[PDB]
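This is what each chain is made of:
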Amino acid sequence: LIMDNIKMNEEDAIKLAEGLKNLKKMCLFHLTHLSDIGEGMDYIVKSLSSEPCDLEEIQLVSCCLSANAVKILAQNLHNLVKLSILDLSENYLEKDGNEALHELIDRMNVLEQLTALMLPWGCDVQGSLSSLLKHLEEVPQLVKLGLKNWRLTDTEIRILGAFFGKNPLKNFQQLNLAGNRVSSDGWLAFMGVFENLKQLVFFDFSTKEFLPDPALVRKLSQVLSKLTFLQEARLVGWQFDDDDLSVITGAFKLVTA
């Protein structure tokens, strides 16, 4: 079931939730862009995972989530095994984000099949990054990791560097990061740690506005050169120009704007 950018009157969330309850064979639920209803977001979340479900992918992107909707999901994650994809990305949580995120992090210990996960954006996931990474080390099958939009520091990227040390992931192909804070120390703070992850297909490492240190551009070029796929890099928010593109090695493309 795909319900992409469908405008709703909020109240119908109940009727839709009731419809979903009868779809006992559902495997893929993608919703996405469910306007901005606010009220009822929990009805969609509640209807799923309530009563043992066999869903393999649950994608709720830009649908407007709240700390309560996230807590409700986490509370019901006692079943829903064989779930592999769980996103809930691009749904900023204005308040109580920490409580909802902590409840989620403390779970996902029965969902053995989870991989290529993204986290809810909200205030303030940074405080639980260390806990997340420690738990991600428990699942070598991780293919992708989404830590988008929220503000990072020069110390958070060093923690990620340590995470990518590391006991081999092998199949980690994508890194999603729609926002960061970078300087003359970072990416250089961790750059080179990804030379051990040559299977990478793409990554964002995005920021707001920063012109890369010549040392970083030269190192980046070598890091990119040694990758196996690199099927279109995205490095958005970086002030790269013709001089850096000359230094940067051959690649399918690099999106910097």
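Residues numbered from 1 in each chain as written, not as in the entry; some residues may be left out. Part of a larger assembly, values for the part shown. Heavy atoms only, no water.

As deposited, the entry is annotated with cryo-EM as its determination method and 3.6 Å as its resolution.

**Student:** Is there a simple way to think about the pattern of salt bridges in this case?
**Tutor:** Two side chains with opposite charge may pair up if their charged atoms get near one another. This structure, assessed with the given rule, holds 9 salt bridges. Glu-18 is the partner of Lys-21 in a salt bridge, and the nearest nitrogen-oxygen pair spans 2.8 Å. Remark: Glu-18 and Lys-21 occur in helix α1 (residues 13-21); sequence separation between them is 3 residues, near one turn of the helix. For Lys-166, the salt bridge is made with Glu-137, and the minimal N-O distance between the two is 2.7 Å. You can see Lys-166 sitting in the loop between α6 (156-163) and β6 (174-176) and its partner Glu-137 sitting in the loop between α5 (129-136) and β5 (144-146), a full 29 residues away along the chain. Taking the relative accessible area as the measure of exposure, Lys-166 reaches 35% and is therefore partly exposed. (Salt bridge = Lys/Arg side-chain N within 4 Å of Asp/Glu carboxyl O. Helix = DSSP H or I, 4+ residues; strand = E, 2+ residues; numbered from the N terminus. Buried < 20%, exposed > 50% of the residue type's maximum accessible area, 1.4 Å probe, protein only.)

**Student:** Can you help me understand the packing of aromatic side chains in this one?
**Tutor:** For any pair of aromatic rings, the description consists of the separation of the ring centres together with the inter-plane angle of the planes. For the structure shown, the criterion picks out 12 aromatic pairs. With 5.4 Å between their ring centres and 55° between their planes, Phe-164 and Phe-172 make a pair best called tilted. Here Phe-164 and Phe-172 have matching classes, each one buried. With 4.7 Å between their ring centres and 45° between their planes, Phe-164 and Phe-194 make a pair best called tilted. (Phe/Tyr/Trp six-rings, centres within 6.5 Å; stacked < 30°, edge-to-face > 60°.)

**Student:** I'm lost on the nonpolar core in this one. Help?
**Tutor:** Nonpolar side chains in soluble globular proteins tend to end up buried together. Core analysis: the largest hydrophobic core is formed by 45 residues, its most contacted members being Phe-164, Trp-187 and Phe-203. Take this core: its biggest share by element is 5 residues, from helix α7 (residues 214-225). For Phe-164, the residues in contact, after removing those within four places along its chain, are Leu-169, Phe-172, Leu-175, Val-193, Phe-194 and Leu-197. Core analysis: the second largest hydrophobic core is formed by 36 residues, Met-8, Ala-17, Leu-20 and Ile-37 among them. (Core = buried A, V, L, I, M, F, W, Y, C linked by side-chain atoms within 4.5 Å. Contact = heavy atoms within 4.5 Å.)

**Student:** I tried to follow the state of the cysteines on my own but got confused; where do I start?
**Tutor:** Here is the idea: a disulfide is a covalent bond, and it sits between the sulfur atoms of two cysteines. Scanning the model with the defined rule gives 0 disulfides in all. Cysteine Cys-27 remains unbridged, with the sulfur of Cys-53 as its closest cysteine sulfur at 11 Å. Looking at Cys-64, it has no disulfide partner, and the nearest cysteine sulfur is the one in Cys-63, 7.0 Å off. (Disulfide = S-S within 2.5 Å.)

**Student:** Got a minute to help me understand the packing of helix α3 (residues 67-75) against helix α4 (residues 97-105) in this structure?
**Tutor:** Each packed pair of helices is defined by two parameters, the angle between the axes and the distance between the axes. Contact geometry of α3 with α4 gives a least axis separation of 9 Å together with a crossing angle of 15°. If you check the angle between α3 and α4, you find them roughly parallel. Crossing handedness for the pair α3 and α4: left-handed. Contacts between α3 and α4 pair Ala-67, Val-70, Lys-71 and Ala-74 from the former with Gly-97, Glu-99, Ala-100, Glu-103 and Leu-104 from the latter. Along the lines of polarity and charge, the residues of the contact of α3 with α4 split into 5 nonpolar, 1 polar and 3 charged. (Axes fitted to C-alpha atoms, helices over the stretch in contact; angles between N-to-C directions. Parallel < 35°, antiparallel > 145°, perpendicular 65-115°, else oblique. Left-handed = near helix turned anticlockwise from the far one by under 90°. Nonpolar A, V, L, I, M, F, W, Y, C, P; charged D, E, K, R; others polar.)

**Student:** Could you clarify how one ought to interpret the packing of α5 against α6 in this entry?
**Tutor:** In the contact formed by α5 and α6, the axes pass within 11 Å of each other and the chain directions differ by 10°. The orientation of α5 with respect to α6, classified from their angle, is roughly parallel. Counted together, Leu-129, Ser-130, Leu-133 and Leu-136 of α5 and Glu-156, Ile-159, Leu-160 and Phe-163 of α6 form the full contact between these two elements. Among the residues making up the contact of α5 with α6, the classes are represented as 6 nonpolar, 1 polar and 1 charged.

**Student:** Sorry, what's going on with the side chain of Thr-256 here?
**Tutor:** Position of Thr-256 among the secondary structure elements: in the segment after β9 (254-255). For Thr-256, a relative accessible area of 18% gives the class buried. Among residues more than four places away in sequence, those in contact with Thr-256 are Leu-235, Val-236, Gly-237, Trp-238 and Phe-240.

**Student:** Help me out: how do you make sense of the sheet that holds β5 in this one?
**Tutor:** Consider a sheet: its strands pair through backbone hydrogen bonds, and that pairing is either parallel or antiparallel. The strand order across the open sheet built from 4 strands is β4-β5-β6-β7, with neighbouring strands paired in parallel fashion. In this open sheet, the two strands that pair with only one neighbour each are β4 (117-118) and β7 (202-203). Relative to β7, β6 runs parallel, the two being bridged by 2 bridges. In the sheet register, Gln-174 faces β7, and the bridge partner there is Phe-202. (Pairing = 2+ DSSP bridges.)

**Student:** Help me out: how do you make sense of the sheet that holds strand β1 (residues 28-29) in this one?
**Tutor:** Reading across from one edge, β1-β2-β3 is the order of the 3 strands in this open sheet, with parallel pairing throughout. With partners counted over all chains shown, the strands left at the sheet margins are β1 and β3 (85-86), one partner each. Relative to β3, strand β2 (residues 57-58) runs parallel, the two sharing 2 bridges. Bridge pairing in β3 links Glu-57 to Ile-85.

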